[PDB]
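Participant:
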């Protein structure tokens with residue numbers, strides 16, 4: 001069912017993302033919060049899956065990946081236009097100014113204010129530190145049942 005990792009099967013993971021300086025681009029282990037990696041183009045791209053296969057539960061593996069296969073492609077789909085009136089309480093925002101914003105899951109995601117319009121604010125929720133090659137460690141804590 002989910003004894004070992006397979007293509008299009010999700011995994012419960014504790015991981016951390018490291019730059020060449022070994023800098024933490026993203027953590028999902030130090031925060032004490034695990035995450036699930038949805039295999040099969042369900043959330044992550046095949047590139048990540050294709051390097052995760054063959055491992056078993058209770059093991060951990062470190063591997064490198066292209067941006068798309070890591071933090072994915074930056075996503076204009078999250079772009080949302082709010083009013084300046086919504087930002088004024090925190091000061092009128094700037095063009096190309098990325099400030100930490102608040103998702104529904106409470107998660108504070110980076111948000112690049114793309115442009116400032118006289119009545120409206122151009123917001124741009126892009127992804128994590130994507131668009132660059134990053135080294136990450138990934139643990140197999142438990143594998144999600146493949147009901148294929």
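Residue numbers (the deposited numbering): 1 to 148.
Virtual Cβ for every residue (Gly too), placed ideally from N, Cα, C.
(1) Measuring CA to CA, which of 69, 31 and 145 is closest to residue 133?
(2) Can you name, in chain order, every residue of its own chain whose Cβ lies under 7 Å from the Cβ of residue 61, other than the five neighbours on each side?
(3) Could you round the C-beta distance between residue 125 and residue 80 to whole angstroms and report it? I think they count as a contact, below 8 Å.
(4) I'd like the span of the beta strand (DSSP E) that includes residue 92, first residue to last.
(5) Could you please give the first and the last residue of the uninterrupted beta strand (DSSP E) stretch that includes residue 111?
(6) Run the CB neighbour count on residue 53, radius 10 Å, all protein chains shown included, and call it buried at 16 or more, exposed below.
Facilitator: Reading off the structure:
(1) 69
(2) 55 and 138
(3) 7 Å
(4) Counting along the chain, residue 92 sits inside no beta strand (DSSP E), nor does DSSP assign it H or E at all.
(5) Residue 111 -> beta strand (DSSP E) spans 108 to 113.
(6) exposed
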